[PDB]
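**Q** give me coordinates for this.
(chains A, B and C)
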Amino acid sequence: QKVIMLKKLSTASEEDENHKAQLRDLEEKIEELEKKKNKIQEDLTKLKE
Amino acid sequence: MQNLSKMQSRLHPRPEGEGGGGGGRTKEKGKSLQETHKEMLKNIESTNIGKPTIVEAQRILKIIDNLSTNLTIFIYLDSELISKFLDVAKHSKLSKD
Amino acid sequence: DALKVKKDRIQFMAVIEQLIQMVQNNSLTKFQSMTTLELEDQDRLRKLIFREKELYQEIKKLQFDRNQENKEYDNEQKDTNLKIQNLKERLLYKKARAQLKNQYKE
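**A** Numbers count the residues shown, from 1 in each chain, chains lettered A, B, ... in the order given. Dropping the coordinates below:
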């Protein structure tokens, strides 16, 4: 709980809104980058085969 | 009729009784809650490393840590251990030194 | 900022009072599980823009690897087809010399 509240309190309502929306977009960017990976590796694997 | 055919026979012998194999099913060691929380507590703490927190935030964290330390001091001061100070001299299980 | 700091403080007030009742009932397991869930909710803050740059850079390298590898795929395909053709033609000429020389032996 100490750690949870440390992150929460450092995560003011603006930072919690970041969790929800801004870090939402950051995580979505990471996921889409992973999808771009998947595409490029799948091309590479078709090509290797 | 000089064929040397070596066709398969009809051997009856049964698949005799199967032995009582050593089914030593290893007991997987369940991770403790402290072990479970290690990684994710450190994850929560990493973002906070260098995080500037409001004054009320620091007060909340200090209250949390005070509660934790008091709970640990209670753990070491359980009623069982405290009651042994009822008779310090007579509590031979309590070291005189 | 202050609003959510106070909200978190009240959340921990509820956490502590729930743990109070759970201690009274010896039910510390419920407090443990609730702390687990609260930790999980407050798990992941920053780590996001940096991961995004890492992913983009690896994506770029991966794309370039795809491009080059397609180049070498085409190159190897063409070259090895040419080698098969040349081996067939060499077999053709060796058959030609063999058969002609043997015909003249005949």
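**Q** can you give me the strands for chain A?
**A** For chain A, applying DSSP state E gives no strands.
**Q** ditto for chain C
**A** Counting by DSSP E, chain C has no strands at all.
**Q** what parts of it come near chain A?
**A** Residues of chain C lying close to chain A by C-beta under 8 Å from any C-beta of the partner chain are C:1-5, C:7-9, C:11-12, C:15, C:35, C:38-39, C:41-42, C:44-46, C:48-49, C:51-52, C:55-56, C:58-59, C:62-63, C:65-66, C:69-70, C:73. (Each C-beta comes from the backbone N, C-alpha and C, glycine too.)
**Q** out of those, which are buried?
**A** Neighbour-count burial (16 or more other C-beta atoms under 10 Å in any protein chain shown) applied to these gives C:1, C:4-5, C:8-9, C:11-12, C:15, C:35, C:38-39, C:42, C:44-46, C:48, C:51-52, C:55, C:59, C:62-63, C:66, C:69.
**Q** which ones among the residues you listed map onto helices?
**A** Cross-referencing these against helices under DSSP state H gives C:4-5, C:8-9, C:11-12, C:15, C:35, C:38-39, C:51-52, C:55, C:59, C:62-63, C:66, C:69.
**Q** can you report how many residues neighbour residue 19?
**A** Let's take chain A. Using other C-beta atoms under 10 Å in any protein chain shown, residue A:19 is surrounded by 20 other residues.
**Q** right idea, wrong chain: chain C
**A** 21.
**Q** any idea how far it is from residue C:97?
**A** Look at residue C:19 and residue C:97: by C-beta to C-beta, to the nearest Å, they are 97 Å apart.
**Q** repeat for residue C:88
**A** From residue C:88 to residue C:97 the distance is 15 Å (C-beta to C-beta).
**Q** is chain B contacted by stretch C:12-29?
**A** Yes: against chain B, stretch C:12-29 shows contacts by C-beta under 8 Å from any C-beta at C:12, C:16.
**Q** and that stretch, how far out from the chain's middle?
**A** Here stretch C:12-29 is found 43 Å from its chain centre; the criterion is C-alpha atoms, centre = their mean, to the nearest Å.
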